[PDB]
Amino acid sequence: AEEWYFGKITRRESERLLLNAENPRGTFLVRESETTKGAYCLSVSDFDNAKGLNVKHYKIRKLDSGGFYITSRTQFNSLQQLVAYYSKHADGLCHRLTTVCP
């Protein structure tokens, strides 16, 4: 299955998996949302002055038609196409997606 899809894990777990080792900014995973049923979460590491090393979480929603989106700028016919896209284009995410979470 997708090496970046971690399934049903908690926000807190995703943060510990992502921060467990010294990973480049943009290390990520996709998981089910804890707080919104049917939705997913893209959890991405980042570093900045205000927060230091931190993890940002983006909700991915699923359209009734089947597609997925984080914003109105782009939507994707699959979840791997979303990931493939943001691996090359950050567009409003804190960083483009670089390493899959070890």
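We call the rigid core the largest set of C-alpha positions that still match within 1.5 Å between the two forms. From 1 onward, residues are counted along the sequence shown.
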Root mean square C-alpha distance from this form after a core fit in 6 other deposited structures of this protein: higher for 68-76 or for 39-47? 68-76
In 6 other deposited structures of this protein, with the rigid core superposed, the stretch whose C-alphas stray more from the shown form, 12-20 or 90-98, is 12-20
Tell me which stretch, 84-92 or 19-27, has the higher mean Cα B-factor listed in the entry. 19-27
Which of the two stretches, 72-80 or 43-51, shows the higher mean Cα temperature factor in the record? 43-51
If you rank every modelled residue in this chain by C-alpha B factor, which third holds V100: lowest, middle or highest? middle
